[PDB]
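Take a look at the structure set out below.
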Amino acid sequence: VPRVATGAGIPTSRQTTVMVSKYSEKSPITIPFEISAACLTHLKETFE
Amino acid sequence: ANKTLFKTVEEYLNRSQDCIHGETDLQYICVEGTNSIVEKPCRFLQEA
């Protein structure tokens with residue numbers, strides 16, 4: 001802390017220790033995605 | 001403040017340590033000074 005005090009009778013506020021823990025915040029996203037079984041059939045049945 | 005004219009302005013500065021306390025809702029007078037504020041023309045020109 002930037003410390004300063006002074007004066008003749010002006011009260012001197014003592015030194016200050018500041019520790020702040022500041023958290024993070026999660027936001028898990030998701031897009032859905034579609035592949036049909038008719039799409040996967042042609043790789044995996046091997047027609048003529 | 002019937003001092004001589006250059007002591008009147010030094011009465012207006014050195015001895016106008018008469019402020020309004022801050023934390024109170026109704027205006028209360030200051031407790032321990034900490035500054036010579038620029039007064040109103042009271043104690044200098046005596047006009048509202």
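Residue numbering restarts at 1 for every chain of the structure tokens, chains are lettered A, B, ... in their displayed order, and ligands are numbered from 1 as they appear.
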
Contact set, chain B to chain A: 8 Å, only C-alpha atoms, as a ChimeraX atom specification:
/B:32-34

Taking only chain B into account, list the residues labelled alpha helix (DSSP H) by DSSP (computed from the backbone), as a ChimeraX atom specification.
/B:5-14

Distance CA of residue 15 (chain B)-CA of residue 3 (chain B), one decimal place?
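Interatomic distance here is 12.4 Å.
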
Could you list, as an NGL selection string, every residue within 6 Å of residue 29 (chain B), counting only C-alpha atoms and ignoring same-chain residues fewer than 5 positions away?
:B and (19-21)

Could you tell me how far CA of residue 14 (chain A) lies from CA of residue 2 (chain A), in Å and to one decimal?
11.2 Å

Give me the residues within 10 Å of residue 45 (chain B) as a list in words, counting only C-alpha atoms and dropping any in the same chain fewer than 4 places off.
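Non-adjacent residues within range: residues 1, 40 and 41 of chain B.
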
Output the selection as a PDB file, in the first residue's frame - N, CA and C atoms for each residue.
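Full text of again16.pdb as output:
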ATOM      1  N   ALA B   1     -12.291  38.677  13.969  1.00  0.00           N
ATOM      2  CA  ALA B   1     -11.935  39.122  12.626  1.00  0.00           C
ATOM      3  C   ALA B   1     -12.116  40.629  12.489  1.00  0.00           C
ATOM      4  N   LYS B  40     -16.505  29.858   3.438  1.00  0.00           N
ATOM      5  CA  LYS B  40     -17.378  30.829   2.829  1.00  0.00           C
ATOM      6  C   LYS B  40     -16.906  32.221   3.255  1.00  0.00           C
ATOM      7  N   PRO B  41     -17.425  33.296   2.643  1.00  0.00           N
ATOM      8  CA  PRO B  41     -17.053  34.652   3.096  1.00  0.00           C
ATOM      9  C   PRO B  41     -17.392  35.000   4.552  1.00  0.00           C
TER      10      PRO B  41
END
